[PDB]
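A.B. asks: Sharing a structure here in structure tokens format.
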Amino acid sequence: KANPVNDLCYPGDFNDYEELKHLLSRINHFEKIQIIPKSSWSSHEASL
Amino acid sequence: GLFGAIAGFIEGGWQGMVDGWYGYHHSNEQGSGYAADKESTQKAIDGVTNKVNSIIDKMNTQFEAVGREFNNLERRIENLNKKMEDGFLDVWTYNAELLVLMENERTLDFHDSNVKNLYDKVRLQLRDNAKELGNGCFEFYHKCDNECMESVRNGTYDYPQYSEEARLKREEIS
Amino acid sequence: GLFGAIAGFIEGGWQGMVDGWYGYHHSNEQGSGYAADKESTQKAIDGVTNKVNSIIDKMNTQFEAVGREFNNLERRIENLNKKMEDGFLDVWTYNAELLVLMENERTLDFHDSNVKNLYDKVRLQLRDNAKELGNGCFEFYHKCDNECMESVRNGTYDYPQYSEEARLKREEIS
Amino acid sequence: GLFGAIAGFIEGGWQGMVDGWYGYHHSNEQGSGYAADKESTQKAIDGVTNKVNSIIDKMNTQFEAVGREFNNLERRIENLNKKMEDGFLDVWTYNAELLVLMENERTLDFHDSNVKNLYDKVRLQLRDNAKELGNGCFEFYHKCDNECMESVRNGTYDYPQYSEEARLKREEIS
Ligand SMILES: *[C@@H]1O[C@H](CO)[C@@H](O)[C@H](O)[C@H]1NC(C)=O
Ligand SMILES: *[C@@H]1O[C@H](CO)[C@@H](O)[C@H](O)[C@H]1NC(C)=O
Ligand SMILES: *[C@@H]1O[C@H](CO)[C@@H](O)[C@H](O)[C@H]1NC(C)=O
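Protein chains in written order, with the entry's author numbering: chain A, 90 to 96, 96A, 97 to 125, 125A to 125B, 126 to 133, 133A; chain B, 1 to 174; chain D, 1 to 174; chain I, 1 to 174.
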């Protein structure tokens, strides 16, 4: 939509946001992978 | 109508002529009716169809607008993109309208010549034998059959034989 | 002059003709002078005026240059903007010049047909009664009044009555 | 061929005519051959050469592509530059093709009128003296020398003298 309702829930800015949307025009598939699994942060606390 | 064939000499169309575009009306002893000659209407069909394709073929390469977005801090570029995209559309919509406007005039004028030249050859074949009335009508002298009308229709009008009977008909009215 | 009406048959214009564009010159027993027919010059006026407006109407949508400025560290964009703005002007100045160049030829050729077709109908009405000199002049046979000249002017030339006196004049010179 | 001069009346060209574009073929007692009139072919040469230069002269101002480079982090501008440069080329290649396509039709139609009007003036000079065959041939009556053919060629055909001998030849065949 022209005016999205749920965009960047937490306040802030997306760096090079328009640069990324240009790349999405040429990509037809996306897949999720476990680059850094959760529960692997034993020192810092991730859930809270 | 620059050539004047449409209106001018012949200002009335034939609603009964549905077989083709250009044809001849015969009113002789063996009835009357409308008939068509293929060599004239076929070239017009081929010429117009080639023109119609040519408009489509030439317009194959055209500007295609694409979406670009900016981050509210670069408005000179956004204005530059906006003025470029609609500027190209304005250029291309003028070419399409101008091309359509000119080719409409060509087709109407092209049809003028074909019927005009169709009249010219019939006058050039009949010559002294017939009289020119003014609305495209020819009134010949010889009392031949309907085949002579077809002879006019295939463009094969032999002059000499018909001249003697017609010249006997040029001296009895004079 | 493709149709050949300007120059060709009639190579000399009439400076005394200020009432209209196309007209007839009569030289008979009841004096001489120039007169105009409205049905020919009015259509030319309407056609040309429509053409003049059409050039203005079609050219309503055109590129409009706007000012953009850059900070001496972005010269690729400034060069891009400079080449885009003058590039559009170069495209649009070619369309305007080409349109004017072609429509100038149309008006001259359109005027050729109107006077040519005006000659064609007068020959088609007079036919055997008059003789064709070569410079557009017709020399008819009947000794009628100036109203017959007006009859030629309103395009209402009845043939039969005038044929008998003219054919008596085709046999006395032969 | 809108005017119909090419093909139509004269459907066969002359391979033996290499001196010029338009000319006359004479077949009389003093031999036969081909001859040219300069006033017709010179104007065609000047008109066509002016047209050829006009295409080059008008196309002097055109978009010139220039190289610009970007640093892989600004692709919206690179896409904008790429679409602008090839977009202008697409606009200009359409103008060049359309201009060539239309001016090709002009030259063919311009040549139609010149030979058509060349025929028209010869018919307008000979008139009753000759007969119209159909393929552009004129068969006059008077038994004059080859100079009369040149008289037709310089467009100076005095009518009266030749009328009396021809009218004596219009009454012996009738
Ligand atoms: C039609 O014209 C062609 C021209 O060659 C001729 O062969 C044919 O006989 C004509 N038709 C008739 C019925 O004569
Ligand atoms: C002019 O032409 C019209 C054509 O209908 C005719 O009614 C009128 O009588 C003509 N003028 C004169 C003076 O005859
Ligand atoms: C050619 O035409 C010109 C026209 O003025 C004339 O002067 C000249 O005598 C003509 N040529 C001949 C051989 O008569």
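Idealized CB from N, CA, C, for every residue including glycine.
(1) With 16 as the cutoff for other CB atoms within 10 Å, does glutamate 165 of chain I come out buried or exposed?
(2) So, does the CB of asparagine 95 of chain I fall closer than 8 angstroms to a CB anywhere in chain D?
(3) Below 8 angstroms on the Cβ atoms is my contact criterion, and I expect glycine 12 of chain B with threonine 41 of chain B to pass it. Report the Cβ-Cβ distance as a whole number of Å.
(4) Would you report the Cα separation of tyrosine 119 of chain D and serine 151 of chain I, rounded to the nearest angstrom?
(5) Which class does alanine 36 of chain I belong to by DSSP, given the choice of helix, strand or coil?
(6) Grab the span of the beta strand (DSSP E) containing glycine 23 of chain B for me, first residue to last.
(7) Could you check if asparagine 154 of chain D belongs to the surroundings of ligand 2, using beta carbon to heavy atom distance under 7 angstroms?
(8) Do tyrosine 162 of chain D and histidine 142 of chain D have their CB atoms nearer than 8 angstroms?
(9) Name the residue from B:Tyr157, B:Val18, B:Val115 whose alpha carbon lies nearest to the alpha carbon of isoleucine 6 of chain B.
(10) Is any non-hydrogen atom of ligand 1 found closer than 7 angstroms to the C-beta of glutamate 150 of chain B, if you look at the structure I gave you?
(11) Are the CB atoms of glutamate 132 of chain B and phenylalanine 140 of chain B within a distance shorter than 8 angstroms?
(12) Closer than 7 angstroms between beta carbons: that is the criterion. Which residues of the segment 148-160 of chain D meet it against chain B?
(13) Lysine 116 of chain B by DSSP, collapsed to three states: which one?
(14) Is it the case that the segment 76-83 of chain B contacts the segment 56-70 of chain D, given that we only count it when at least three CB pairs across the two stretches are under 8 angstroms?
(15) Give a yes or no on contact between the segment 41-55 of chain I and the segment 86-106 of chain I, applying the rule of three or more CB pairs nearer than 8 angstroms.
(16) Assign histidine 130 of chain A to buried or exposed, taking buried as 16 or more other Cβ atoms, counted over all protein chains shown, within 10 Å of its Cβ.
(17) Listed in chain order, which residues of the segment 66-82 of chain I have Cβ atoms closer than 8 angstroms to some Cβ of chain B?
(18) In whole angstroms, what separates the C-alpha of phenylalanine 70 of chain I from that of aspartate 112 of chain D?
(19) Taking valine 122 of chain I as the reference, which of I:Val91, I:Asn146, I:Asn154, I:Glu97 has the closest Cα?
(20) According to DSSP, simplified to helix, strand and coil, what is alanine 7 of chain I?
(21) Enumerate, from N- to C-terminal direction, the unbroken alpha helix (DSSP H) stretches of 4 or more residues contained entirely within the segment 129-163 of chain I.
(22) Taking Cβ positions only, does residue 175 of chain D come closer than 8 angstroms to chain I?
C.D. replies: Answer, in terms of the structure:
(1) exposed
(2) yes
(3) Wrong, their Cβ atoms sit about 19 angstroms apart, outside the cutoff.
(4) 27 angstroms
(5) strand
(6) 23-27
(7) yes
(8) yes
(9) B:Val115
(10) yes
(11) no
(12) none
(13) helix
(14) yes
(15) yes
(16) exposed
(17) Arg76, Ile77, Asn79, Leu80
(18) 59 angstroms
(19) I:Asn154
(20) strand
(21) 146-153
(22) Chain D is shown from 1 up to 174; residue 175 of chain D falls before or after that span and cannot be answered.
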